[PDB]
Amino acid sequence: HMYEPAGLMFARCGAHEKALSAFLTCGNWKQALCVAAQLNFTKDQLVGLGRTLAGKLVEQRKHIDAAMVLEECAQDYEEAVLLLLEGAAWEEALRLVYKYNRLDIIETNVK
Amino acid sequence: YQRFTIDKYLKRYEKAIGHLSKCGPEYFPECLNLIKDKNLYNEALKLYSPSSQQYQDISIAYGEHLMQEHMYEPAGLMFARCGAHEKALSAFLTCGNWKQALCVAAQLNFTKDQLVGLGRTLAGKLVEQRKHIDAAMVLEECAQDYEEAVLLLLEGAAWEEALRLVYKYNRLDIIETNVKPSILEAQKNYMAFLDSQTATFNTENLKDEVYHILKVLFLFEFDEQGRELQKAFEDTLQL
Amino acid sequence: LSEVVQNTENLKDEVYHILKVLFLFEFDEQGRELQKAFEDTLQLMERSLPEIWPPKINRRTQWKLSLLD
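Residue numbers (PDB author numbering), protein chains in the order written: chain W, 1000 to 1110; chain U, 931 to 1131, 1228 to 1265; chain S, 1222 to 1274, 1317 to 1332.
Quick look at the structure:
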């Protein structure tokens, strides 16, 4: 049961709010960022956290994990657009294309 | 004329407008009058093809007639088929549909560096509609301040799940931003409210929501209070 | 049978928003086909429900568009 309670109260070291850090089991988008940001060890410049979160939660049929973390990560927005289309998130792909000016892909694949 | 008159007398209005369209642009004002006074432009354009400016004119007429009081998103889309962008000549979100606002903020630039007034109106509408998605690019565009966005989420009161927009003290403090105090206040108010509701003893929404929002209280020092509210969640178990 | 029935009602607003998404590219005919097929299946299960009897579906699911219609 290396899950939400275990890693949660690990970052808590018990009933205390944040009495420990530097340990996360799976990082279900909450304990991961709690570990990373609180007592900041590696920033998103060390983008491996973003990669792990995207892979894990997208494999968990989320596809919004990348849509949030890659905003803090590199400009891979197009991969985020692809994931949104796979997850049917249309208007978010529209936001990315009309903010990053990736207009070439407006009709190549989504249509 | 003659054939068109015979059409309109026998009520061949579809054939009448076909004759008008195929007989030249001298009838386009009259044809538009006939189709939009009686709201027959829909079948006209369905019969018509997107091959002239007349098609877009009929589309804009349809949108504007359907933009009256209608939150209907395709009404805004049709009114937006023209304009400086595919987002109408004017702010079609002014029709009052927040989806039109989301489309505007979601596609294309609109000559403002930040669209500040657009973001403020967007946040106002979201508050009026009780939709707590303003804590996003909505308030990350025109309210770039992390602190202001955190505050506005606090009035939105979605922190019972850890949105942690301060990312564990990136900018300011939990107590200083009254995060833990407001959490305790709301948790205790809702705490008493569930007991009040169970006094009258649907609720399945709170069956797991708080059962997974319990963490906002567990992550603090008031672990004992969990059961102190869980009792209400326990009570409804015996219905 | 009730399992498949409940499986069918989940896609109402999914289809609804997909309709407008397609309609920007003006795919009103394919979306119209989609709506017609969904409506026919909906009527099929709707009329079969009294025959069988047992969950009750919601009647306030929007999946139709005026331009689609």
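Beta carbons are placed, not taken as given, at the ideal position from N, Cα and C, and that holds for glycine.
Asked, Found
"Quick one: residues in its chain with C-beta nearer than 7 Å to the C-beta of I947/U, no 5 flanking neighbours on either side, listed in chain order?", "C961, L964, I965 and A974"
"First and last residue of the alpha helix (DSSP H) that includes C1025/W?", "Taken as a continuous stretch (DSSP letters only), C1025/W belongs to no alpha helix (DSSP H), as it is neither H nor E."
"Within the chosen definition, does the stretch 1057 to 1064 of chain W reach the stretch 1030 to 1046 of chain W through at least 3 CB pairs nearer than 8 Å?", "no"
"Under 8 Å, with one C-beta from each stretch per pair, do the stretch 1069 to 1083 of chain U and the stretch 1122 to 1129 of chain U reach the 3-pair mark?", "no"
"Suppose contacts are defined by Cβ-Cβ distances below 9 Å. Is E1003/U in contact with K1241/S by that definition?", "yes"
"Need the endpoints of the alpha helix (DSSP H) that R1060/U sits in, please.", "Where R1060/U is concerned, there is no enclosing alpha helix (DSSP H), given that its DSSP letter is neither H nor E."
"Would you kindly work out how many angstroms separate the C-alpha atoms of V1236/S and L1052/W, rounded to a whole number?", "30 Å"
"How big is the Cα-Cα spacing for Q1264/U and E1230/U?", "13 Å"
"Which ranges would you report for the alpha helix (DSSP H) in the stretch 945 to 1010 of chain U if only whole runs of at least 4 residues count?", "958 to 967, 971 to 977, 983 to 996 and 1003 to 1010"
"Using a C-beta to C-beta distance shorter than 8 Å, which residues of chain S count as neighbours of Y1002/U?", "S1329"
"Which of the three DSSP states, helix, strand or coil, is assigned to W1089/U?", "coil"
"Let me know the secondary structure DSSP gives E1016/U once reduced to three states.", "coil"
"Please go through the same chain and pick out, in chain order, the residues whose beta-carbon is closer than 7 Å to the beta-carbon of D1064/W, but skip the five residues on each side of it.", "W1028, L1052, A1053, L1056 and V1057"
"What's the gap between the Cα of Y1120/U and the Cα of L1114/U?", "10 Å"
"Can you confirm whether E1235/S, when its beta carbon is compared against all beta carbons of chain W, has any partner nearer than 9 Å?", "yes"
"Can you tell me which of the three DSSP states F1259/S falls into?", "helix"
"Comparing C-alpha positions only, which one of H1238/S, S1223/S, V1226/S and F1246/S sits nearest to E1016/U?", "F1246/S"
"Three-state secondary structure (DSSP) at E1254/U?", "helix"
"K1241/S versus chain U: which residues are under 9 Å apart at the beta carbon?", "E1003, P1004 and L1007"
"With DSSP as the reference, label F1244/U as helix, strand or coil.", "helix"
"Using a beta-carbon distance cut-off of less than 8 Å, what residues from the stretch 1236 to 1270 of chain S approach chain U?", "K1241, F1244, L1245 and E1247"
"Between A1092/W and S1112/U, what straight-line distance do the alpha-carbon atoms span, to the nearest angstrom?", "35 Å"
"With a threshold of 9 Å between beta carbons, is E1091/W in contact with chain S?", "no"
"What are the boundary residues of the alpha helix (DSSP H) that includes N1119/U?", "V1109 to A1129"
"Quick check on this structure: which residue in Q984/U, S979/U and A1031/U has the alpha carbon closest to the alpha carbon of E956/U?", "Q984/U"
"Nearest CA to the CA of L977/U: which residue from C1012/U, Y943/U and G1252/U?", "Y943/U"
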